[PDB]
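1. Just the structure for this:
(one chain, ligands or ions: 1)
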Amino acid sequence: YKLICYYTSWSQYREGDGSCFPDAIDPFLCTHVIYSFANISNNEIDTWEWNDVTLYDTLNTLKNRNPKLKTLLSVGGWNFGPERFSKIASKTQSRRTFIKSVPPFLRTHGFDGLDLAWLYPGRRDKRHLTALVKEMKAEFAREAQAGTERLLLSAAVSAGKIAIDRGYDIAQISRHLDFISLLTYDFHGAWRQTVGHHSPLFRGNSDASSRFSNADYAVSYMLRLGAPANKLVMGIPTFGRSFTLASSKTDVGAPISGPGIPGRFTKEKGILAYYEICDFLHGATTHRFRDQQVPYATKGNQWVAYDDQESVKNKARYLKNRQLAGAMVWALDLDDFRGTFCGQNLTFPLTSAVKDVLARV
Ligand SMILES: *[C@@H]1O[C@H](CO)[C@@H](O[C@H]2O[C@H](CO)[C@@H](O)[C@H](O)[C@H]2NC(C)=O)[C@H](O)[C@H]1NC(C)=O
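-> Numbers count the residues shown, from 1 in each chain. Structure as follows:
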C-alpha cells in the first residue's frame, strides 16, 4: 500500500509553530511525498517561491535517511488558473515544449516524478488532457533509456461525478498514469448556504438529494468508468471546513451566513488546520454523523466539519477492503506536524493513523 503525502510550499510563511519546512517531515512516514506547486512560464515548468531550489534540496535530502522514499513535484493547483493549463495543452506546439522541459528540471532538482494538478478540465479539454498525459508518459519512457530510473507520472483528479463526466477520460489516462489521486474532500463545495460535511464517507442515508457526494460513490464510479483499483489512491483531508452559523440551529440543514472566521495560524476563511481544530475543540460540542461516519463540532456561532483519528482510520479501512492502491493525504503541514497541539504526544497524528491501518494488511 502507498501513502502519498502532499506538502505545501507556502506553509513556511506561517507564524509561530504554524511555520513548516520540509525539515519537520518524518522520512520513514509516507512512501511518496509530493511537493506543492511548481509553475509554468514561457511554456516550461519553473519554480514558484523565491526559495524553492533550497527547499527542493531539503525535501530531497530525506531520501538520505530513507532510500525507499520517493518524491514528486506537482504542477497546477487551485490558485493556478485552468485557462492557463487549457491553453498549453491544446496547441501541440506549446504542449510538446512544456513536456520536453520537464525531465531535466526534475533531474536537476532530484525529483522522482511529476504530478499533474490541473484543477478541473472542461468539456472542451477532455481530449487534450488525454494528449498531454499520453505524450508526457511517452517522453518519460524514451528518457529512461539514458540508463536512469523512469520518472513517475501521476494526476490529482476530481471526485465530483459531474466533473469526471465533463473533463476526464478515465479509461485512457489510467493506462498512462502511475497512479491517480482522488480529491475526495471538497464535496460540500464553495456554494450553498446549508451546513454540511465536505468529506463524508457514505451517503448519509438520511439525506436524499445528492448521493454522488461521498468517497464511496466516487470510488465505485471511477471503477465503473475503468480506472483499475491498483492505480487509484483515495484522498483523505487533514483540514476542516468551517461556517458561521445564521441561527441557533446546528443539525443537518441548518442555515449558513458565510464561512468561518480564520485560524490564528492558518489565516484563511472557511478553513482550519487540524492542529487548530484540536485547540478549537476545547469548550466545543462534538457530534458525529453515524451515517457518513465523520465528525463535526460547534462552539459559539461556528460549525466545523472535520476528520479525526478515527474517521480517518475508517476511510483507510474502506480503501483496503475495496482493494485500492493506497491513500493520499492533503497537506502534512495541515496535520499536527509538531505534535504539540492535539493532546497526545504523537507527531502527525492523523497521517500516522492512516499508516497504522495501512500497515496491518
Ligand atoms: C508563474 O508564471 C507566470 C506565467 O509565466 C508568471 O506570470 C506573469 O508574468 C508577468 C510579470 O509579472 C505578468 O505581466 C503577467 O501578468 C503574467 N502572465 C500571465 C498571468 O499570463 C507568474 O509571475 C508566475 N507566478 C509566480 C508566483 O512566479
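
2. What segments of the stretch 1-150 of the chain are helices?
-> 52-59, 82-89, 92-108, 126-143 (DSSP state H, counting those that start in this stretch).

3. got the ones you listed as CSV, with mean neighbour count and distance to the ligand columns?
-> Just so you know, the C-beta spots here come from the backbone N, C-alpha and C atoms, and that holds for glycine as well. Output for the helices of the stretch 1-150 of the chain, formatted as CSV (neighbours: other Cβ atoms under 10 Å; distance: least, Cβ to the nearest ligand atom, whole Å):
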stretch, mean neighbour count, distance to the ligand
helix 52-59, 16, 10
helix 82-89, 17, 7
helix 92-108, 16, 12
helix 126-143, 18, 18
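
4. Which stretch among those approaches residue 278 most closely?
-> Residue 278 lies closest, by Cβ to Cβ, to one member of those: helix 52-59, at 25.6 Å.

5. which secondary structure elements does that closest one contact?
-> Helix 52-59 sits against strand 32-41, with contacts defined as 3 or more Cβ pairs under 8 Å, 6 or more residues apart in numbering; DSSP states H and E.

6. strands paired with the strand it packs on, and their directions?
-> strand 2-8 (parallel), strand 44-46 (antiparallel), strand 70-76 (parallel) (DSSP bridges).

7. Now render those as JSON lines, adding distance to residue 294 and mean neighbour count.
-> Below are those laid out as JSON lines (distance: least, Cβ to Cβ, whole Å; neighbours: other Cβ atoms under 10 Å):
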{"stretch": "strand 2-8", "distance to residue 294": "20", "mean neighbour count": "23"}
{"stretch": "strand 44-46", "distance to residue 294": "36", "mean neighbour count": "16"}
{"stretch": "strand 70-76", "distance to residue 294": "26", "mean neighbour count": "22"}
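
8. how about these, which one is nearest the ligand?
-> strand 44-46 (6.5 Å; Cβ to the nearest ligand atom).

9. quick one: contacts for the closest residue to the ligand within the stretch 251-361 of the chain?
-> For the stretch 251-361 of the chain, the residue closest to the ligand is residue 268, as judged by Cβ to the nearest ligand atom, at 17.8 Å. When contacts are counted by Cβ atoms under 8 Å, 6 or more residues apart in numbering, residue 268 touches residue 262.

10. What of residue 279?
-> Taking Cβ under 8 Å, 6+ apart as the test, what residue 279 contacts is residue 341.

11. Just say helix, strand or coil for it.
-> helix (DSSP: H, G, I helix; E, B strand; the rest coil).

12. Show me how the chain divides into domains.
-> 1-238+307-361, 239-306 (curated CATH domains).

13. Relative to the helix or strand where residue 182 lies, what are the paired strands and their orientations?
-> Assessed by DSSP states H and E, residue 182 sits inside strand 179-183. With DSSP bridges as the test, strand 179-183 is paired with strand 152-158 (parallel), strand 232-237 (parallel).

14. just so I know, which of those lies nearest the ligand?
-> strand 152-158 (18.9 Å).

15. Report the buried residues of that closest one.
-> 152, 153, 154, 155, 156, 157, 158 (16 or more other Cβ atoms under 10 Å).

16. returning to what we had before: in a markdown table: the helices of the stretch 1-150 of the chain, plus distance to residue 205.
-> Formatted as a markdown table, the helices of the stretch 1-150 of the chain follow (distance: least, Cβ to Cβ, whole Å):
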| stretch | distance to residue 205 |
| --- | --- |
| helix 52-59 | 43 |
| helix 82-89 | 34 |
| helix 92-108 | 45 |
| helix 126-143 | 33 |
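
17. returning to what we had before: output the strands paired with strand 32-41 as a markdown table; include the columns distance to the ligand.
-> Compiled in a markdown table, the strands paired with strand 32-41 are given as follows (distance: least, Cβ to the nearest ligand atom, whole Å):
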| stretch | distance to the ligand |
| --- | --- |
| strand 2-8 | 14 |
| strand 44-46 | 7 |
| strand 70-76 | 11 |
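
18. Residue of the stretch 1-150 of the chain closest to the ligand, please.
-> residue 41 (2.9 Å).

19. what are the bridge partners for that residue, then?
-> Bridge pairing for residue 41 - DSSP bridges - gives residue 44.

20. any idea how far the residue most central in space within the chain lies from residue 179?
-> Nearest to the geometric centre of the chain sits residue 330, at 3.8 Å (Cα atoms, centre = their mean). According to Cβ to Cβ, to the nearest Å, residue 330 stands 15 Å off from residue 179.

21. Also residue 110?
-> Separation of residue 110 from residue 179 (Cβ to Cβ): 20 Å.

22. So for the two, which residue has more residues nearby?
-> In this view residue 110 and residue 179 are compared by other Cβ atoms under 10 Å, and residue 179 has more residues nearby, 23 against 14.
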